[PDB]
Amino acid sequence: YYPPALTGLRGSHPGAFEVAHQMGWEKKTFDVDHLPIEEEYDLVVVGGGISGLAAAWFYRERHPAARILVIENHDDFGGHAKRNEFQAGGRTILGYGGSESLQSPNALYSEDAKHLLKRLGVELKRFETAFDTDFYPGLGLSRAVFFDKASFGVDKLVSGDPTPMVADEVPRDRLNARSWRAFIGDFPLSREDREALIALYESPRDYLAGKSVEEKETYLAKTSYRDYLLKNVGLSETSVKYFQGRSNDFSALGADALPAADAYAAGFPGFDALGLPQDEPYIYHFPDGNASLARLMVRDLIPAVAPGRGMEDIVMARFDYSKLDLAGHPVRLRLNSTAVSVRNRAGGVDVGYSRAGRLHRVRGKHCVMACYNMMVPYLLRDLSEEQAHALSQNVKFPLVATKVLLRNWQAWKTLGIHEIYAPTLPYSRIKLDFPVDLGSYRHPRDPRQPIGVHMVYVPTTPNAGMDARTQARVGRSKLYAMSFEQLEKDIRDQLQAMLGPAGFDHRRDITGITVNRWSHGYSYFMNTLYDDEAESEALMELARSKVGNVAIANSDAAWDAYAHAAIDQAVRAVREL
Ligand SMILES: Cc1cc2nc3c(=O)[nH]c(=O)nc-3n(C[C@H](O)[C@H](O)[C@H](O)COP(=O)(O)OP(=O)(O)OC[C@H]3O[C@@H](n4cnc5c(N)ncnc54)[C@H](O)[C@@H]3O)c2cc1C
Ligand code: HEM
């Protein structure tokens, strides 16, 4: 039994969500009060993502003899941080199912997070050599933009994109990019539109002239990036389509739901002459993404699942899932199990869960809710109406992270590219995977040999007048109506249209597809186009309040969709108990 080698429809896979939806959609209740208590623990963690695993880890650190149960509803631990695997040419090729890398860790990681890393044997400086930073640039490859015929009249791939991004693994001087005039000069847009885009870079103007800096900042917080471009910069509706999907990957929303002020902070163009006031290499990437963080914690917590120690041997270590949930062992991780009930009683907490359609009741002195926060009201019976409602307002964003095994990457080499941005297509981000050597694992190097592609699909509804919560809920409705066959068609259609001109043939050249469907992906985050900062902060703090011996974690609890928020919220929750 070995989930990482599965391909096909993954992420929140069939079997992971149905009991949860019986609660959330049908309002079915699954009470276990009339069942005997089957097992007893010092701590029961609901949810086996990075946050829940960290909670078990910091709790044992404080209580070394503690008996800990971790209940997780997917068929594998890690939550968004999942290991994907392909077999190709007698070797393993690794991919990340979701949680991608550690974000600017020297700048952003707390002392507690850094302590977790060090105890697990993660040396951040090791990625300076593990990440092969000059591999694709040294091969003369650049990033490209793919314009689709539906939106721009013709399919066109334009390379040499100089656009700097938030979390960039390419040193700025190794972009193999062209000037703005030459690059935009190739856009399939009217001469007028191309000249206006070029001028956006060559000759910025104070599009808000006459406002104080403060009024500019007020206006930009209340105005979408798309509207800023349309109404103040004066770009045409055809021009701004170029920008529509740029924010999809890092914020799970298009330019219509991105506050102009957030676009400024993320390095988007148009602000240089506004008079507004005033980088870490994005290389902290295990070959299976932050799934390595989850695996490192699982192995540290449950030594029987795999041998070794440290960041090197984790990469190819063989996990034996039969050792995760062994009786009498102090730490047990129970997969395929949906918690349905959490109730304070007699100085402890009773937790009911459903596994293979059967209800169960266990008991712990302490409980950490490390699951999706909007799930918590359906489980935690003691919530006041106020706090349950607060939890329910963390409306997470759906995303789809697709891994594609290719027979070779000659087509990419021919086209001179290692990454594509598509302004309006379902997949806005498509790239050859990061080249990382770690432990015994070596990144694919030969374009005649197989390689993994990473591509992100976000089911936004651009330009419709929806607030962010509604685009998220509607995006999940669209994902719920998509079969795996429809998902694969979209992958194959777009890969063929982008790579076909250089000899790509999707039926011949794709040898693997793994679709990680994160219907409940990024935590909600406060959006100044729709939310008030003080109200939202009050909701956040209320939602995560301690309930008896039940503490609440998940990255959701910080309204902050980051692995280090997952850790910090677990630490706060463990300290509360
Ligand atoms: C596509 C994608 C890419 C990302 N990339 C990055 C990145 O590069 N860097 C970064 O820092 N962050 C990234 N993230 C953010 C990611 O959310 C965090 O990194 C981290 O994985 C979140 O951990 P968590 O424990 O808070 O939540 P999760 O990983 O979602 O874990 C919560 C778990 O609880 C489970 N659960 C829910 N209800 C129940 C129930 N009733 N019973 C039992 N279990 C239940 C859920 O199924 C889930 O498995 C990314 C997220 C996505 C979706
Ligand atoms: C294939 C995966 C999934 C799809 C397509 C999906 C889709 C949806 C949709 C369309 C909604 C209604 C809109 C909303 O309230 O956000 C929803 C809500 C909900 N989802 Fe899922 N979902 C999936 C997986 C999961 C998983 C893995 C969990 C938890 C373990 C979950 C728990 C919930 C809950 C509890 C609600 C109710 C939200 C509330 O009432 O606040 N879903 N989901």
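What you see below is based on every heavy atom in this structure, not just the backbone, and it leaves out hydrogens, waters and symmetry mates. FYI, the numbering just counts along the sequence from 1.
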Given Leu359, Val32, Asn73, the one that forms side-chain contact (heavy atoms from CB on, under 4.5 Å) with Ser354: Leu359
Result of checking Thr7, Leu6, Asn516 against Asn84 for side-chain contact (heavy atoms from CB on, under 4.5 Å): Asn516
Donor on one side chain, acceptor on other, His80 and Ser99, under 3.5 Å: no
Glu280 side chain to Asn106 backbone, donor-acceptor under 3.5 Å: yes
Donor-acceptor side-chain pairing of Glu85 and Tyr2 below 3.5 angstrom: yes
Salt bridge flag under 4.0 Å for residues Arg126 and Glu128: no
Residue pair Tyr96 / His454, side-chain donor-acceptor N/O under 3.5 Å: yes
Salt bridge present between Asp249 and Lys431 (N-O < 4.0 angstrom): no
Working for salt bridge (charged side-chain N to carboxylate O under 4.0 Å, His left out), residues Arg10 and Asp75: CA-CA 10 Å; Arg10 297 299 293 154; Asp75 63 15; 2.7 Å; yes
Short N-O contact, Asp42 and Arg363, less than 4.0 angstrom: no
Ring-ring centroid check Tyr41 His366, cutoff 6.0 Å: no
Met23 and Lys28, any side-chain heavy atoms less than 4.5 Å apart: no
Member of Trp559, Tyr530, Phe397 meeting the ring pair (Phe, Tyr, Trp, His ring centres under 6.0 Å) criterion with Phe525: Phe397
Aromatic plane relationship, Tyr457 with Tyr427 - under 30° parallel, 30 to 60° tilted, over 60° perpendicular: tilted
Main-chain N/O of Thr460 paired with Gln471 side-chain donor or acceptor, under 3.5 Å: no
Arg299/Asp313 salt bridge by N-O under 4.0 Å criterion: yes
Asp288 side chain vs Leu94 backbone, donor-acceptor pair below 3.5 Å: no
Check: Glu18 side chain, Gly15 main-chain N or O, donor-acceptor pair, under 3.5 Å: yes
Main-chain N/O of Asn373 paired to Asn394 side chain as donor or acceptor, under 3.5 Å: no
Side-chain ion pair, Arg429 and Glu100, N-O less than 4.0 Å: yes
Over all atoms of both residues, closest heavy-atom pair of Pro398 and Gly475: CG-C, 3.9 Å
Pair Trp25 and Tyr480, ring centroids less than 6.0 Å apart: yes
Pairing of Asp556 and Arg544 as salt bridge, 4.0 angstrom limit: no
Donor-acceptor contact present, side-chain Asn344 to main-chain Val547, <3.5 Å: yes
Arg355/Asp325 salt bridge by N-O under 4.0 Å criterion: no
Side-chain heavy-atom pair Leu258, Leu253 within 4.5 angstrom cut-off: no
Aromatic ring proximity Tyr225/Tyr264, centre distance under 6.0 Å: no
Residue pair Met311 / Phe286, side-chain heavy-atom distance below 4.5 Å: yes
Modelled atom types, side-chain donor and acceptor of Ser12 and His520, under 3.5 Å: no
Distance-only check: which donor-acceptor pairs under 3.5 Å involve side-chain atoms of residues 314-323, not counting sequence neighbours?
from: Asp320; atom 1: OD1; to: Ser322; atom 2: N; distance (Å): 3.1
from: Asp320; atom 1: OD1; to: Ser322; atom 2: OG; distance (Å): 2.5
from: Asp320; atom 1: OD2; to: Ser322; atom 2: OG; distance (Å): 3.2
from: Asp320; atom 1: OD2; to: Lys323; atom 2: NZ; distance (Å): 3.3
from: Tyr321; atom 1: OH; to: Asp76; atom 2: OD1; distance (Å): 2.6
from: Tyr321; atom 1: OH; to: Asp76; atom 2: OD2; distance (Å): 3.2

Main-chain N/O of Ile283 paired with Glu169 side-chain donor or acceptor, under 3.5 Å: no
Salt bridge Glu39-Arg334, side-chain N to carboxylate O under 4.0 Å: yes
Criterion salt bridge (charged side-chain N to carboxylate O under 4.0 Å, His left out) against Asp350, the qualifying member of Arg361, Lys365, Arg381: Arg361
N/O donor-acceptor pair under 3.5 Å between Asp31 side chain and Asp33 backbone: no
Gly48 backbone acceptor or donor facing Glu72 side chain under 3.5 Å: yes
Any donor-acceptor N or O pair under 3.5 Å, side chains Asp256, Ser224: no
Distance, nearest 0.5 Å, that separates OG of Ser523 from CE of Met540: 9.5 Å
side-chain contact (heavy atoms from CB on, under 4.5 Å) evaluation trace for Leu324 with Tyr1: CA-CA 11 Å; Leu324 284 178; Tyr1 173 50; over 6 Å; no
Minimum heavy-atom distance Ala55-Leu43, with the two atoms named: O-CD2, 4.3 Å
Derivation and outcome, salt bridge (charged side-chain N to carboxylate O under 4.0 Å, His left out), residues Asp112 and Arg572: CA-CA 10 Å; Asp112 292 316; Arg572 173 188 51 70; over 6 Å; no
Test item: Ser545 side-chain N/O and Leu542 main-chain N/O as donor-acceptor pair under 3.5 Å: yes
Where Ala370 and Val45 come nearest, the two heavy atoms and their spacing: CB-CG1, 3.9 Å
